[PDB]
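Enquirer: There's a structure below that I have some questions on.
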Amino acid sequence: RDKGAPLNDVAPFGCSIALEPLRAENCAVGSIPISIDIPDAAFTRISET
Amino acid sequence: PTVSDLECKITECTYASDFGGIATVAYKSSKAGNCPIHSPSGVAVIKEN
């Protein structure tokens, strides 16, 4: 009752919190260099579209 | 069929070995039927005779 406020109410760059694995969910900040290897079967050949 | 007054264009040319290069051809025939094809230049090798 003379504490400070919670990090899910004072954090920056947009986070939420849990007493669970101690995650800080959904922190929207910056970029992520993401790269995928699609299954070639999922491709449609060009001569059909 | 005489096919002239046509048009040809690649649509997805694959700079490659397997027959990845494709090209639509705006065929402008007189009769209707078969039409043998070939590139007299050796640049292009075609899967369809």
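Enquirer: Under a Cβ-only charge scheme (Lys and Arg +1, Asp and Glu -1), can you give me the dipole magnitude of the protein assembly as shown about the Cα centre, in debye to the nearest 20? Can you show the working numbers first?
Expert: On the way: 8 positive and 12 negative charges, 40 e Å.
I would put it at about 200 debye.
Enquirer: Which is farthest toward the positive dipole end of chain A among A:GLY30, A:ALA11, A:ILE46, measuring Cα position about the Cα centre, with Cβ charges +1 (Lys, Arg) and -1 (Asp, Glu)?
Expert: A:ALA11
Enquirer: Which residue, A:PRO21, A:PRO33, A:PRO12, has the most motion in a Gaussian network model of chain A that connects Cα atoms within less than 10 Å?
Expert: Looking only at A:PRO21, A:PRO33, A:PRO12, the largest GNM fluctuation is found for A:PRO33.
Enquirer: Using the Cα centre as the reference, give the magnitude of the dipole from point charges on the C-beta atoms of chain B (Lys, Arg: +1; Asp, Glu: -1; all else neutral), rounded to the nearest 20 debye.
Expert: The dipole of chain B has a size of about 160 debye.
Enquirer: Can I ask one more? In terms of Cα to Cα distance under 26 Å, which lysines are near enough to B:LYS47, apart from those fewer than 8 places away along the same chain?
Expert: Hits, sequence-local ones excluded: B:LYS9, B:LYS28, B:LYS31.
Enquirer: For chain A, what is the charge dipole size about the Cα centre, in debye to the nearest 20, if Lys and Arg each add +1 at the Cβ and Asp and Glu each add -1 at the Cβ? Don't skip to the end; give the middle numbers.
Expert: Working: 4 positive and 7 negative charges, 47 e Å.
Magnitude of the dipole: close to 220 debye.
Enquirer: From Cα coordinates alone, what are the radius of gyration and Dmax values for the protein assembly as shown in angstrom?
Expert: Values for the protein assembly as shown (Cα only, Rg and Dmax): 29.7, 94 Å.
Enquirer: Add +1 for every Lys or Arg and -1 for every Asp or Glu among the other residues with Cβ under 10 Å from the Cβ of B:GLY21, and state the total.
Expert: -1
Enquirer: Any idea how far apart B:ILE22 and A:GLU48 come out in nm if each label point goes 7 Å out from Cα toward Cβ?
Expert: For the pair B:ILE22/A:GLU48, the computed spacing is 0.9 nm.
Enquirer: Between chain B and segment A:1-39, what is the separation of their alpha carbon centroids in Å?
Expert: 56
Bear in mind these aren't lab numbers, they're just calculated from the coordinates by the rules spelled out. All Cβ positions, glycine included, derive from the backbone under ideal geometry; neighbour counts span all protein chains shown.
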